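Here's upload.cif, which has mmCIF, C-alpha atoms and all ligand atoms:
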data_my_file
#
loop_
_atom_site.group_PDB
_atom_site.id
_atom_site.type_symbol
_atom_site.label_atom_id
_atom_site.label_comp_id
_atom_site.auth_asym_id
_atom_site.auth_seq_id
_atom_site.Cartn_x
_atom_site.Cartn_y
_atom_site.Cartn_z
ATOM 1 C CA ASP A 1 0.000 0.000 0.000
ATOM 2 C CA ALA A 2 1.761 3.070 -1.332
ATOM 3 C CA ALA A 3 -0.011 5.367 1.117
ATOM 4 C CA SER A 4 1.281 3.531 4.189
ATOM 5 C CA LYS A 5 4.800 3.129 2.769
ATOM 6 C CA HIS A 6 4.837 6.950 2.240
ATOM 7 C CA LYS A 7 3.446 8.573 5.373
ATOM 8 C CA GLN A 8 4.963 12.068 4.961
ATOM 9 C CA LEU A 9 4.169 12.240 1.248
ATOM 10 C CA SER A 10 0.767 10.832 2.222
ATOM 11 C CA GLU A 11 0.337 13.669 4.712
ATOM 12 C CA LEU A 12 1.239 16.276 2.091
ATOM 13 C CA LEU A 13 -1.514 14.941 -0.186
ATOM 14 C CA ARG A 14 -4.478 14.798 2.252
ATOM 15 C CA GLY B 1 -34.234 32.583 -17.193
ATOM 16 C CA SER B 2 -31.399 30.317 -18.374
ATOM 17 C CA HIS B 3 -28.113 28.809 -17.172
ATOM 18 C CA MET B 4 -24.859 29.875 -18.833
ATOM 19 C CA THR B 5 -21.698 27.986 -18.001
ATOM 20 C CA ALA B 6 -18.377 28.999 -16.418
ATOM 21 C CA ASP B 7 -15.832 29.443 -19.230
ATOM 22 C CA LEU B 8 -13.293 27.844 -18.829
ATOM 23 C CA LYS B 9 -9.696 28.994 -19.132
ATOM 24 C CA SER B 10 -7.643 26.740 -21.418
ATOM 25 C CA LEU B 11 -6.060 23.800 -19.615
ATOM 26 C CA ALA B 12 -2.619 25.004 -20.689
ATOM 27 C CA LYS B 13 -3.270 28.352 -19.023
ATOM 28 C CA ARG B 14 -4.641 26.804 -15.880
ATOM 29 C CA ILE B 15 -1.604 24.571 -15.503
ATOM 30 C CA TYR B 16 0.664 27.564 -16.136
ATOM 31 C CA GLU B 17 -1.201 29.496 -13.423
ATOM 32 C CA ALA B 18 -0.936 26.582 -11.007
ATOM 33 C CA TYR B 19 2.814 26.536 -11.700
ATOM 34 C CA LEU B 20 3.252 30.264 -11.036
ATOM 35 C CA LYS B 21 1.192 29.979 -7.827
ATOM 36 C CA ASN B 22 3.099 27.024 -6.439
ATOM 37 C CA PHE B 23 6.809 27.349 -7.299
ATOM 38 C CA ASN B 24 8.975 29.912 -5.520
ATOM 39 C CA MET B 25 11.439 29.930 -8.423
ATOM 40 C CA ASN B 26 10.641 30.081 -12.102
ATOM 41 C CA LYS B 27 12.585 30.726 -15.260
ATOM 42 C CA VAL B 28 11.585 34.379 -15.556
ATOM 43 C CA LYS B 29 12.616 35.043 -11.938
ATOM 44 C CA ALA B 30 15.914 33.118 -12.232
ATOM 45 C CA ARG B 31 16.934 34.830 -15.484
ATOM 46 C CA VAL B 32 16.262 38.243 -13.955
ATOM 47 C CA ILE B 33 18.619 37.326 -11.098
ATOM 48 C CA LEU B 34 21.268 35.623 -13.272
ATOM 49 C CA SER B 35 21.544 38.625 -15.598
ATOM 50 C CA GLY B 36 21.959 41.434 -13.052
ATOM 51 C CA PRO B 37 23.377 40.293 -6.685
ATOM 52 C CA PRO B 38 23.690 36.642 -5.589
ATOM 53 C CA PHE B 39 26.637 35.819 -3.337
ATOM 54 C CA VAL B 40 28.980 33.555 -5.288
ATOM 55 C CA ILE B 41 30.070 30.291 -3.703
ATOM 56 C CA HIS B 42 33.243 29.183 -5.472
ATOM 57 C CA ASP B 43 35.541 27.853 -2.709
ATOM 58 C CA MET B 44 35.575 26.724 0.908
ATOM 59 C CA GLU B 45 35.850 30.249 2.254
ATOM 60 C CA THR B 46 32.933 31.699 0.268
ATOM 61 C CA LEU B 47 30.918 28.642 1.317
ATOM 62 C CA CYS B 48 31.581 29.328 4.998
ATOM 63 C CA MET B 49 30.661 32.989 4.444
ATOM 64 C CA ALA B 50 27.422 32.277 2.559
ATOM 65 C CA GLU B 51 26.575 29.717 5.239
ATOM 66 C CA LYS B 52 27.202 32.060 8.162
ATOM 67 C CA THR B 53 25.013 34.862 6.815
ATOM 68 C CA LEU B 54 22.266 32.927 4.983
ATOM 69 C CA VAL B 55 21.883 29.465 6.526
ATOM 70 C CA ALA B 56 22.677 30.402 10.125
ATOM 71 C CA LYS B 57 30.240 19.102 9.753
ATOM 72 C CA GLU B 58 32.477 18.478 6.786
ATOM 73 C CA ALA B 59 31.789 20.855 3.881
ATOM 74 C CA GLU B 60 30.543 18.161 1.488
ATOM 75 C CA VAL B 61 28.029 17.009 4.101
ATOM 76 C CA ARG B 62 26.624 20.535 4.522
ATOM 77 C CA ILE B 63 26.303 21.001 0.758
ATOM 78 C CA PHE B 64 24.436 17.680 0.587
ATOM 79 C CA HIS B 65 22.248 18.665 3.549
ATOM 80 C CA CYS B 66 21.461 21.892 1.674
ATOM 81 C CA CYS B 67 20.734 19.800 -1.409
ATOM 82 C CA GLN B 68 18.157 17.773 0.511
ATOM 83 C CA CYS B 69 16.413 20.772 2.097
ATOM 84 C CA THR B 70 15.947 22.191 -1.409
ATOM 85 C CA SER B 71 14.480 18.877 -2.583
ATOM 86 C CA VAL B 72 12.024 18.785 0.338
ATOM 87 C CA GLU B 73 10.797 22.278 -0.311
ATOM 88 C CA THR B 74 10.400 21.468 -3.993
ATOM 89 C CA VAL B 75 8.690 18.142 -3.259
ATOM 90 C CA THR B 76 6.134 20.081 -1.241
ATOM 91 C CA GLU B 77 5.703 22.557 -4.084
ATOM 92 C CA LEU B 78 5.265 19.711 -6.571
ATOM 93 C CA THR B 79 2.612 18.085 -4.376
ATOM 94 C CA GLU B 80 0.538 21.283 -4.343
ATOM 95 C CA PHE B 81 1.061 21.756 -8.092
ATOM 96 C CA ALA B 82 -0.075 18.168 -8.625
ATOM 97 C CA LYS B 83 -3.315 18.842 -6.752
ATOM 98 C CA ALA B 84 -4.143 21.642 -9.191
ATOM 99 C CA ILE B 85 -3.964 19.297 -12.223
ATOM 100 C CA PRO B 86 -7.600 18.482 -13.089
ATOM 101 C CA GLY B 87 -8.245 14.835 -12.328
ATOM 102 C CA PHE B 88 -5.222 14.398 -10.037
ATOM 103 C CA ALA B 89 -6.942 14.753 -6.655
ATOM 104 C CA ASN B 90 -9.793 12.479 -7.813
ATOM 105 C CA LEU B 91 -7.277 9.641 -8.065
ATOM 106 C CA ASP B 92 -6.898 7.002 -5.375
ATOM 107 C CA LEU B 93 -4.639 8.273 -2.598
ATOM 108 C CA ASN B 94 -2.258 5.390 -3.305
ATOM 109 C CA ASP B 95 -1.964 6.396 -6.963
ATOM 110 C CA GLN B 96 -1.312 10.032 -6.136
ATOM 111 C CA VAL B 97 1.484 8.913 -3.807
ATOM 112 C CA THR B 98 2.899 6.655 -6.518
ATOM 113 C CA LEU B 99 2.793 9.275 -9.247
ATOM 114 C CA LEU B 100 4.614 11.782 -7.029
ATOM 115 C CA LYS B 101 7.102 9.178 -5.792
ATOM 116 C CA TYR B 102 8.337 8.438 -9.297
ATOM 117 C CA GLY B 103 7.783 11.897 -10.700
ATOM 118 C CA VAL B 104 9.149 14.464 -8.230
ATOM 119 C CA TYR B 105 12.814 14.044 -9.026
ATOM 120 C CA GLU B 106 12.220 14.008 -12.776
ATOM 121 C CA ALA B 107 10.367 17.295 -12.283
ATOM 122 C CA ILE B 108 13.045 18.634 -9.905
ATOM 123 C CA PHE B 109 15.924 18.089 -12.323
ATOM 124 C CA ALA B 110 13.802 19.464 -15.198
ATOM 125 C CA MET B 111 13.068 22.700 -13.298
ATOM 126 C CA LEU B 112 16.596 22.837 -11.881
ATOM 127 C CA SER B 113 17.665 23.697 -15.443
ATOM 128 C CA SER B 114 15.978 27.072 -15.039
ATOM 129 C CA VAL B 115 18.381 28.132 -12.287
ATOM 130 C CA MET B 116 21.555 26.766 -13.989
ATOM 131 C CA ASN B 117 23.906 28.255 -16.558
ATOM 132 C CA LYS B 118 27.243 26.856 -17.788
ATOM 133 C CA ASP B 119 29.118 28.294 -14.787
ATOM 134 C CA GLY B 120 26.845 27.471 -11.826
ATOM 135 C CA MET B 121 23.336 27.434 -10.318
ATOM 136 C CA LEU B 122 21.214 29.675 -8.139
ATOM 137 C CA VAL B 123 20.705 28.369 -4.586
ATOM 138 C CA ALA B 124 19.047 29.544 -1.368
ATOM 139 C CA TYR B 125 15.910 31.092 -2.878
ATOM 140 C CA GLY B 126 17.910 33.011 -5.440
ATOM 141 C CA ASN B 127 20.368 34.498 -2.926
ATOM 142 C CA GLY B 128 23.443 32.417 -3.724
ATOM 143 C CA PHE B 129 25.170 31.202 -6.851
ATOM 144 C CA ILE B 130 27.326 28.097 -6.454
ATOM 145 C CA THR B 131 29.804 27.510 -9.259
ATOM 146 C CA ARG B 132 29.872 24.321 -11.254
ATOM 147 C CA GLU B 133 33.635 23.994 -10.772
ATOM 148 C CA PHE B 134 33.393 24.237 -7.006
ATOM 149 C CA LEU B 135 30.847 21.418 -7.120
ATOM 150 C CA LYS B 136 33.236 19.390 -9.269
ATOM 151 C CA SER B 137 36.042 19.992 -6.734
ATOM 152 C CA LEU B 138 34.362 18.251 -3.793
ATOM 153 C CA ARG B 139 35.709 14.889 -2.748
ATOM 154 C CA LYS B 140 34.116 11.661 -3.895
ATOM 155 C CA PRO B 141 31.416 10.680 -3.894
ATOM 156 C CA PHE B 142 30.100 14.273 -3.742
ATOM 157 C CA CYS B 143 31.958 15.615 -6.792
ATOM 158 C CA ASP B 144 29.617 13.924 -9.273
ATOM 159 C CA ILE B 145 26.163 14.569 -7.822
ATOM 160 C CA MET B 146 25.544 17.775 -9.754
ATOM 161 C CA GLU B 147 27.572 17.557 -12.960
ATOM 162 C CA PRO B 148 25.138 15.159 -14.713
ATOM 163 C CA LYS B 149 22.316 17.626 -13.868
ATOM 164 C CA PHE B 150 24.326 20.447 -15.454
ATOM 165 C CA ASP B 151 24.869 18.357 -18.593
ATOM 166 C CA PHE B 152 21.130 17.710 -18.867
ATOM 167 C CA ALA B 153 20.338 21.389 -18.193
ATOM 168 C CA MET B 154 22.692 22.846 -20.813
ATOM 169 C CA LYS B 155 20.871 20.822 -23.490
ATOM 170 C CA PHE B 156 17.426 21.348 -21.945
ATOM 171 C CA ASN B 157 17.984 25.129 -21.779
ATOM 172 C CA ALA B 158 19.051 25.137 -25.425
ATOM 173 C CA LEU B 159 15.426 24.233 -26.247
ATOM 174 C CA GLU B 160 14.455 27.774 -25.064
ATOM 175 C CA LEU B 161 11.345 26.680 -23.182
ATOM 176 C CA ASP B 162 9.473 29.274 -21.148
ATOM 177 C CA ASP B 163 7.471 28.769 -17.988
ATOM 178 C CA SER B 164 4.301 28.080 -19.984
ATOM 179 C CA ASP B 165 6.088 25.124 -21.659
ATOM 180 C CA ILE B 166 7.770 23.812 -18.505
ATOM 181 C CA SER B 167 4.539 23.772 -16.494
ATOM 182 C CA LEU B 168 2.949 21.377 -19.011
ATOM 183 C CA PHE B 169 6.130 19.282 -19.303
ATOM 184 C CA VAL B 170 6.169 18.977 -15.515
ATOM 185 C CA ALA B 171 2.452 18.146 -15.543
ATOM 186 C CA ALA B 172 3.051 15.383 -18.111
ATOM 187 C CA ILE B 173 5.871 14.018 -15.918
ATOM 188 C CA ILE B 174 3.592 13.831 -12.904
ATOM 189 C CA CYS B 175 0.525 12.424 -14.699
ATOM 190 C CA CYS B 176 2.263 9.325 -15.984
ATOM 191 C CA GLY B 177 0.678 5.905 -16.489
ATOM 192 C CA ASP B 178 4.143 4.364 -16.852
ATOM 193 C CA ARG B 179 4.819 4.275 -13.155
ATOM 194 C CA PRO B 180 5.130 0.886 -11.406
ATOM 195 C CA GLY B 181 2.419 -0.152 -9.000
ATOM 196 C CA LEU B 182 -0.447 2.011 -10.250
ATOM 197 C CA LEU B 183 -3.830 0.386 -9.875
ATOM 198 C CA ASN B 184 -6.185 2.702 -11.818
ATOM 199 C CA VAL B 185 -3.767 2.716 -14.750
ATOM 200 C CA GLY B 186 -6.607 3.289 -17.190
ATOM 201 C CA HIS B 187 -7.769 6.564 -15.633
ATOM 202 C CA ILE B 188 -4.213 7.826 -15.342
ATOM 203 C CA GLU B 189 -3.426 6.972 -18.982
ATOM 204 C CA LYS B 190 -6.420 9.099 -20.018
ATOM 205 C CA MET B 191 -5.311 11.971 -17.807
ATOM 206 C CA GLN B 192 -1.755 11.730 -19.237
ATOM 207 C CA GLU B 193 -3.020 11.657 -22.825
ATOM 208 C CA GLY B 194 -5.033 14.818 -22.177
ATOM 209 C CA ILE B 195 -2.018 16.595 -20.646
ATOM 210 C CA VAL B 196 0.297 15.443 -23.423
ATOM 211 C CA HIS B 197 -2.235 16.500 -26.070
ATOM 212 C CA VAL B 198 -2.323 20.022 -24.593
ATOM 213 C CA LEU B 199 1.490 20.038 -24.372
ATOM 214 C CA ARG B 200 1.773 19.003 -28.037
ATOM 215 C CA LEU B 201 -0.662 21.744 -29.107
ATOM 216 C CA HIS B 202 0.981 24.326 -26.840
ATOM 217 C CA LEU B 203 4.446 23.647 -28.303
ATOM 218 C CA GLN B 204 3.038 24.066 -31.825
ATOM 219 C CA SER B 205 1.547 27.464 -30.934
ATOM 220 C CA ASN B 206 4.439 28.641 -28.744
ATOM 221 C CA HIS B 207 7.398 27.240 -30.739
ATOM 222 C CA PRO B 208 6.339 27.132 -34.411
ATOM 223 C CA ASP B 209 9.965 27.477 -35.497
ATOM 224 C CA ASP B 210 10.852 24.020 -33.994
ATOM 225 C CA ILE B 211 8.632 21.336 -35.405
ATOM 226 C CA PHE B 212 10.410 18.522 -33.601
ATOM 227 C CA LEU B 213 10.135 20.167 -30.183
ATOM 228 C CA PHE B 214 7.498 17.688 -29.003
ATOM 229 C CA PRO B 215 9.566 14.524 -29.868
ATOM 230 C CA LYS B 216 12.570 16.331 -28.361
ATOM 231 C CA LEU B 217 10.708 16.705 -25.089
ATOM 232 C CA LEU B 218 9.538 13.064 -25.075
ATOM 233 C CA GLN B 219 13.198 12.092 -25.286
ATOM 234 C CA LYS B 220 14.009 14.468 -22.427
ATOM 235 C CA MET B 221 11.408 12.663 -20.274
ATOM 236 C CA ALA B 222 13.184 9.398 -20.960
ATOM 237 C CA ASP B 223 16.537 11.099 -20.260
ATOM 238 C CA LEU B 224 15.122 12.358 -16.943
ATOM 239 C CA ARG B 225 13.962 8.893 -15.893
ATOM 240 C CA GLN B 226 17.479 7.588 -16.451
ATOM 241 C CA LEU B 227 19.056 10.596 -14.712
ATOM 242 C CA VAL B 228 16.903 9.909 -11.633
ATOM 243 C CA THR B 229 17.711 6.193 -11.632
ATOM 244 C CA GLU B 230 21.403 7.038 -11.522
ATOM 245 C CA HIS B 231 20.849 9.798 -8.970
ATOM 246 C CA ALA B 232 19.116 7.420 -6.558
ATOM 247 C CA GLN B 233 21.954 4.944 -6.989
ATOM 248 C CA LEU B 234 24.422 7.688 -6.132
ATOM 249 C CA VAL B 235 22.284 8.750 -3.148
ATOM 250 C CA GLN B 236 22.231 5.162 -1.856
ATOM 251 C CA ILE B 237 26.047 5.016 -1.971
ATOM 252 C CA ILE B 238 26.247 8.275 -0.003
ATOM 253 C CA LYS B 239 23.757 7.148 2.653
ATOM 254 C CA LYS B 240 25.440 3.742 2.968
ATOM 255 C CA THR B 241 28.972 5.047 3.263
ATOM 256 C CA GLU B 242 28.783 8.549 4.810
ATOM 257 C CA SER B 243 27.540 8.504 8.399
ATOM 258 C CA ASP B 244 27.032 12.264 8.489
ATOM 259 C CA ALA B 245 24.954 12.198 5.276
ATOM 260 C CA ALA B 246 21.664 11.485 7.038
ATOM 261 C CA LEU B 247 18.639 11.632 4.740
ATOM 262 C CA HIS B 248 15.463 13.611 5.392
ATOM 263 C CA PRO B 249 12.533 11.264 6.123
ATOM 264 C CA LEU B 250 10.363 12.475 3.254
ATOM 265 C CA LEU B 251 13.171 11.830 0.767
ATOM 266 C CA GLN B 252 13.944 8.379 2.213
ATOM 267 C CA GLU B 253 10.272 7.465 1.685
ATOM 268 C CA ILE B 254 10.557 8.534 -1.961
ATOM 269 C CA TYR B 255 13.821 6.725 -2.737
ATOM 270 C CA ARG B 256 12.756 3.674 -0.674
ATOM 271 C CA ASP B 257 12.058 0.889 -3.198
ATOM 272 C CA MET B 258 12.096 3.335 -6.100
ATOM 273 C CA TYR B 259 14.678 1.916 -8.516
HETATM 274 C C1 LIG A 301 24.509 28.038 1.260
HETATM 275 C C2 LIG A 301 25.010 26.632 0.927
HETATM 276 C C3 LIG A 301 24.684 26.287 -0.536
HETATM 277 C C4 LIG A 301 23.983 24.930 -0.657
HETATM 278 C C5 LIG A 301 24.149 24.335 -2.060
HETATM 279 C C6 LIG A 301 23.081 23.267 -2.328
HETATM 280 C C7 LIG A 301 22.308 23.542 -3.632
HETATM 281 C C8 LIG A 301 21.507 22.294 -4.038
HETATM 282 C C9 LIG A 301 20.416 22.594 -5.093
HETATM 283 C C10 LIG A 301 19.814 21.344 -5.781
HETATM 284 C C11 LIG A 301 20.230 20.008 -5.181
HETATM 285 C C12 LIG A 301 19.667 18.785 -5.927
HETATM 286 C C13 LIG A 301 19.113 17.716 -4.941
HETATM 287 C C14 LIG A 301 20.062 16.547 -4.633
HETATM 288 C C15 LIG A 301 19.817 15.926 -3.223
HETATM 289 C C16 LIG A 301 18.583 14.997 -3.126
HETATM 290 O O1 LIG A 301 17.448 15.476 -2.854
HETATM 291 O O2 LIG A 301 18.662 13.742 -3.273
#
Is it possible to give me this structure as structure tokens?
Amino acid sequence: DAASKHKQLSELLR
Amino acid sequence: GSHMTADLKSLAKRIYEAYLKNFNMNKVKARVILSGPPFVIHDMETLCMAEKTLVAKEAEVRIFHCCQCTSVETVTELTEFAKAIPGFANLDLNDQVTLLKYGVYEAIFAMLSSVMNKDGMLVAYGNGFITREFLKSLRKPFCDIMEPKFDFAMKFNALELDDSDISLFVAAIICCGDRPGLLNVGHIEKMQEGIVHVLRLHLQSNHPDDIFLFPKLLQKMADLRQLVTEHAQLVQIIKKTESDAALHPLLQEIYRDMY
């Protein structure tokens, strides 16, 4: 799961 | 007693506006500065001076730390730019993450060309100019980080793109169905085709003297993918073998399992 492997990038995209 | 619709502005113009809104540096701004007063970093002493009065270990490690900070700022700019690309934020969160993961460094080295000439590059929000030779003079493995980006930029800058062209090029880089691990590959391919169609048309209007400019830019996208593969290899060597060269967590995420 890309989103969980990329938590800071994930946060930037919310 | 009727309902008239919005407009809208052309997609090329809306992407150009999203690019001007979201990036601190652009080619107009950098060329203003590079023509003429940025403080020149060309040796160890000028580096210590620029550092003292501009950014508040071993010299190579501080230049690499400054390299990362720049990348993090730009990654954040690219993420906001991405969200202004129609269709992007309607993608699965996982697919947005994946498109940015593979695309940010291709976009970063593409836009880096705007702040580079044959002698050096603007740094520190336009307030410093670090010379290409100084960068070449650092000890291994740090002496070869930047030179391949200069080589790409000299040829990219020879295309004479403006910010309206680069914004679409960057958009096509981000909205890319090629990336590994996409699930909704069909939707993203349609988004990419739409972006690339507007890029193709824009280059015809904006660069009618250069009828191969579109195939030239397709090649540059493949050159960028290779440049980033080699960069990430070089970055892995540095992390592995330089204990001071700690990596910012956002960047580790991006490189982690990339190529
Ligand atoms: C004041 C000190 C000057 C600092 C000079 C650093 C300028 C770096 C600009 C672009 C660096 C490219 C990013 C490579 C690092 C990475 O994110 O993997």
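With only C-alpha atoms as the atoms that count, the residue of B:225, B:239, B:101, B:57 with the shortest distance to residue 6 in chain A is B:101.
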Quick one: which residues end up in the PyMOL selection byres (((chain A and resi 2) around 12) and not hetatm) for this structure, as a PDB file with C-alpha atoms, in the frame of the given file?
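For reference, expr13.pdb as written:
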ATOM      1  CA  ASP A   1       0.000   0.000   0.000  1.00  0.00           C
ATOM      2  CA  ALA A   3      -0.011   5.367   1.117  1.00  0.00           C
ATOM      3  CA  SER A   4       1.281   3.531   4.189  1.00  0.00           C
ATOM      4  CA  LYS A   5       4.800   3.129   2.769  1.00  0.00           C
ATOM      5  CA  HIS A   6       4.837   6.950   2.240  1.00  0.00           C
ATOM      6  CA  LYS A   7       3.446   8.573   5.373  1.00  0.00           C
ATOM      7  CA  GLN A   8       4.963  12.068   4.961  1.00  0.00           C
ATOM      8  CA  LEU A   9       4.169  12.240   1.248  1.00  0.00           C
ATOM      9  CA  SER A  10       0.767  10.832   2.222  1.00  0.00           C
TER      10      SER A  10
ATOM     11  CA  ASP B  92      -6.898   7.002  -5.375  1.00  0.00           C
ATOM     12  CA  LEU B  93      -4.639   8.273  -2.598  1.00  0.00           C
ATOM     13  CA  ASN B  94      -2.258   5.390  -3.305  1.00  0.00           C
ATOM     14  CA  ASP B  95      -1.964   6.396  -6.963  1.00  0.00           C
ATOM     15  CA  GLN B  96      -1.312  10.032  -6.136  1.00  0.00           C
ATOM     16  CA  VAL B  97       1.484   8.913  -3.807  1.00  0.00           C
ATOM     17  CA  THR B  98       2.899   6.655  -6.518  1.00  0.00           C
ATOM     18  CA  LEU B  99       2.793   9.275  -9.247  1.00  0.00           C
ATOM     19  CA  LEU B 100       4.614  11.782  -7.029  1.00  0.00           C
ATOM     20  CA  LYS B 101       7.102   9.178  -5.792  1.00  0.00           C
ATOM     21  CA  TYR B 102       8.337   8.438  -9.297  1.00  0.00           C
ATOM     22  CA  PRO B 180       5.130   0.886 -11.406  1.00  0.00           C
ATOM     23  CA  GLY B 181       2.419  -0.152  -9.000  1.00  0.00           C
ATOM     24  CA  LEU B 182      -0.447   2.011 -10.250  1.00  0.00           C
ATOM     25  CA  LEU B 183      -3.830   0.386  -9.875  1.00  0.00           C
ATOM     26  CA  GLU B 253      10.272   7.465   1.685  1.00  0.00           C
ATOM     27  CA  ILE B 254      10.557   8.534  -1.961  1.00  0.00           C
ATOM     28  CA  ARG B 256      12.756   3.674  -0.674  1.00  0.00           C
ATOM     29  CA  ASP B 257      12.058   0.889  -3.198  1.00  0.00           C
ATOM     30  CA  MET B 258      12.096   3.335  -6.100  1.00  0.00           C
TER      31      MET B 258
END
- For ligand LIG 301 (chain A), list the contacting residues at 7 Å or closer, counting only C-alpha atoms and all ligand atoms, as a VMD selection string. chain B and resid 47 50 to 51 54 to 55 63 to 64 66 to 68 70 to 71 123 to 124 128 130 235 251
Of B:134, B:214, B:150, B:125, the one sitting nearest residue 169 in chain B when using only C-alpha atoms is B:214
How far is it from CA of residue 136 in chain B to CA of residue 76 in chain B, in Å with one decimal?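 Separating CA of residue 136 in chain B from CA of residue 76 in chain B is a distance of 28.3 Å.
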For residue 11 in chain A, which residue out of B:79, B:5, B:22, B:53 is the nearest one, using only C-alpha atoms?
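That would be B:79, the residue with the smallest distance to residue 11 in chain A.
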Between CA of residue 202 in chain B and CA of residue 222 in chain B lies a distance of 20.2 Å
query: Which residue out of B:161, B:40, B:175, B:78 has the minimum interatomic distance to chain A when all atoms listed in the file are used?
result: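 Distance minimum relative to chain A lands on B:78.
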I'd like the residues picked by the PyMOL selection byres (((chain B and resi 28) around 10) and not hetatm) written out as a VMD selection string, using the chain letters and numbers from the file. chain B and resid 25 to 27 29 to 33 114 to 115 162 to 163
Can you spit out the residues from that selection as a PDB file, keeping the file's coordinate frame, using C-alpha atoms?
ATOM      1  CA  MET B  25      11.439  29.930  -8.423  1.00  0.00           C
ATOM      2  CA  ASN B  26      10.641  30.081 -12.102  1.00  0.00           C
ATOM      3  CA  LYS B  27      12.585  30.726 -15.260  1.00  0.00           C
ATOM      4  CA  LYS B  29      12.616  35.043 -11.938  1.00  0.00           C
ATOM      5  CA  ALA B  30      15.914  33.118 -12.232  1.00  0.00           C
ATOM      6  CA  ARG B  31      16.934  34.830 -15.484  1.00  0.00           C
ATOM      7  CA  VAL B  32      16.262  38.243 -13.955  1.00  0.00           C
ATOM      8  CA  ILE B  33      18.619  37.326 -11.098  1.00  0.00           C
ATOM      9  CA  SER B 114      15.978  27.072 -15.039  1.00  0.00           C
ATOM     10  CA  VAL B 115      18.381  28.132 -12.287  1.00  0.00           C
ATOM     11  CA  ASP B 162       9.473  29.274 -21.148  1.00  0.00           C
ATOM     12  CA  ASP B 163       7.471  28.769 -17.988  1.00  0.00           C
TER      13      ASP B 163
END
Exercise on chain A, axis-aligned box with 8 Å per side, report centre and edge lengths in Å to one decimal, as lines of an AutoDock Vina configuration file:
center_x = 0.2
center_y = 8.1
center_z = 2.0
size_x = 25.4
size_y = 32.3
size_z = 22.7
Item to complete: Please identify all polymer residues within 9 Å of residue 15 in chain B, counting all atoms listed in the file, omitting same-chain residues fewer than 6 positions from it, and present them as a ChimeraX atom specification.
Response: /B:81,84-86,164,167-168,171
Write to file, as a short mmCIF file (atom, residue, chain, number, x, y, z; two decimals), keeping the file's coordinate frame, the residues of the selection just made, with C-alpha atoms.
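New file out-v4.cif:
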data_model
loop_
_atom_site.label_atom_id
_atom_site.label_comp_id
_atom_site.auth_asym_id
_atom_site.auth_seq_id
_atom_site.Cartn_x
_atom_site.Cartn_y
_atom_site.Cartn_z
CA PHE B 81 1.06 21.76 -8.09
CA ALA B 84 -4.14 21.64 -9.19
CA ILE B 85 -3.96 19.30 -12.22
CA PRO B 86 -7.60 18.48 -13.09
CA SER B 164 4.30 28.08 -19.98
CA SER B 167 4.54 23.77 -16.49
CA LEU B 168 2.95 21.38 -19.01
CA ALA B 171 2.45 18.15 -15.54
#
Query raised in the report: Using all atoms listed in the file, which residue out of B:174, B:201, B:238, B:75 lies closest to chain A?
Result: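 Going through B:174, B:201, B:238, B:75 one by one, the smallest distance to chain A is for B:75.
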(Q) Can you spell out as number ranges by chain the set of residues that the PyMOL selection byres (((chain B and resi 199) around 12) and not hetatm) selects in the structure I just provided? (A) B: 10-13, 15-16, 161, 164-173, 192-198, 200-207, 213-215, 217-218
Separation of CA of residue 223 in chain B from CA of residue 160 in chain B, in Å and rounded to one decimal:
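Separation of CA of residue 223 in chain B and CA of residue 160 in chain B: 17.5 Å.
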Shortest contact to chain A, candidates B:188, B:82, B:211, B:6, atoms counted all atoms listed in the file, goes to B:82
Could you rebuild range 80-89 of chain B with N, CA and C atoms and give me the result as a PDB file, keeping the file's coordinate frame?
ATOM      1  N   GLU B  80       1.613  20.309  -4.155  1.00  0.00           N
ATOM      2  CA  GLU B  80       0.538  21.283  -4.343  1.00  0.00           C
ATOM      3  C   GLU B  80       0.233  21.510  -5.825  1.00  0.00           C
ATOM      4  N   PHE B  81       1.268  21.650  -6.652  1.00  0.00           N
ATOM      5  CA  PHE B  81       1.061  21.756  -8.092  1.00  0.00           C
ATOM      6  C   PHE B  81       0.264  20.562  -8.603  1.00  0.00           C
ATOM      7  N   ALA B  82       0.651  19.352  -8.180  1.00  0.00           N
ATOM      8  CA  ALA B  82      -0.075  18.168  -8.625  1.00  0.00           C
ATOM      9  C   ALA B  82      -1.563  18.293  -8.318  1.00  0.00           C
ATOM     10  N   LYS B  83      -1.900  18.769  -7.120  1.00  0.00           N
ATOM     11  CA  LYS B  83      -3.315  18.842  -6.752  1.00  0.00           C
ATOM     12  C   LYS B  83      -4.099  19.828  -7.611  1.00  0.00           C
ATOM     13  N   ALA B  84      -3.429  20.739  -8.306  1.00  0.00           N
ATOM     14  CA  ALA B  84      -4.143  21.642  -9.191  1.00  0.00           C
ATOM     15  C   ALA B  84      -4.305  21.096 -10.609  1.00  0.00           C
ATOM     16  N   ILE B  85      -3.850  19.882 -10.895  1.00  0.00           N
ATOM     17  CA  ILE B  85      -3.964  19.297 -12.223  1.00  0.00           C
ATOM     18  C   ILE B  85      -5.310  18.576 -12.301  1.00  0.00           C
ATOM     19  N   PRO B  86      -6.237  19.021 -13.144  1.00  0.00           N
ATOM     20  CA  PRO B  86      -7.600  18.482 -13.089  1.00  0.00           C
ATOM     21  C   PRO B  86      -7.575  16.979 -13.267  1.00  0.00           C
ATOM     22  N   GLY B  87      -8.279  16.280 -12.383  1.00  0.00           N
ATOM     23  CA  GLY B  87      -8.245  14.835 -12.328  1.00  0.00           C
ATOM     24  C   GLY B  87      -7.287  14.263 -11.289  1.00  0.00           C
ATOM     25  N   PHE B  88      -6.222  14.990 -10.925  1.00  0.00           N
ATOM     26  CA  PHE B  88      -5.222  14.398 -10.037  1.00  0.00           C
ATOM     27  C   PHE B  88      -5.813  14.037  -8.683  1.00  0.00           C
ATOM     28  N   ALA B  89      -6.441  15.001  -8.004  1.00  0.00           N
ATOM     29  CA  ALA B  89      -6.942  14.753  -6.655  1.00  0.00           C
ATOM     30  C   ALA B  89      -8.163  13.830  -6.628  1.00  0.00           C
TER      31      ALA B  89
END
